[PDB]
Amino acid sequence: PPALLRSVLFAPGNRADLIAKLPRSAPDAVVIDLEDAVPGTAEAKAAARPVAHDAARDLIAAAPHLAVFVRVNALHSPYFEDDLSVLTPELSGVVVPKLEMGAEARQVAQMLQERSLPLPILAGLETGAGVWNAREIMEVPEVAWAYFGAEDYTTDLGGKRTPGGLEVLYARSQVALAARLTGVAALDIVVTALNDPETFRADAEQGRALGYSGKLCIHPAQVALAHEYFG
């Protein structure tokens, strides 16, 4: 995949239909999500694995030039292990959420290698420890890109999100700087307000000014908006 992704669009791993609609807006990359998008039960996570596996295969064959990623559950969740069975060399990479130390990313890299699944890692820095150890996490060789997850960050610190985002400015700035120092591409925060392009435009602008090279998108319409600011 390109070292630069201007837009990264998500779809629930257990929604074959939404996964297939992923290329419509032509995002630079997409993420079939087995984490947040799917219920936290052993049953839901198991049911989602074959669905996302086949959906990923179909998608890559239909849109050969689309960078396709799969987001697995956190390293320390009881789902990480079995999520790996979903991966294939055809994916552009694997998204690992809530990483918190360089050792965790190295563990991930080694486990992937032992499953014969050499996939670059798109690191999720979205907790206090992830931000604090941002540089150490991104210096792991296998980490090619990273996103700052404001939503989980504030939840982790017992904070609350605002439109301006001053409450995550410190964190968002640290991640962008650590990303520059390690040669890793930084992906900006999601925008949950889906009814106003203006709210998104203002947010993307802040992210661009900070040095992020791309932005996470949760709705197709945000893709075109993202391309007006990154790239």
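When you see a residue number, it is the position in the sequence shown, counting from 1.
Higher mean CA temperature factor, per the PDB entry, when comparing 28-36 with 193-201: 193-201.
In this crystal structure, the stretch out of 182-190 and 49-57 whose C-alpha atoms carry the higher mean B factor is 49-57. The PDB entry assigns the greatest CA B-factor among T127, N133, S77, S92 to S77.
The top Cα temperature factor in the record, among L166, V70, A62, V175, falls on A62. When the modelled residues of the chain are ordered by C-alpha B-factor, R106 sits in the middle third. The PDB entry assigns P118 a C-alpha temperature factor belonging to the highest third of its chain's modelled residues. In the PDB entry, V140 places in the middle third of its chain by CA B-factor. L216: CA B factor lies in the lowest third for its chain, per the PDB record. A226: CA B factor lies in the middle third for its chain, per the PDB record.
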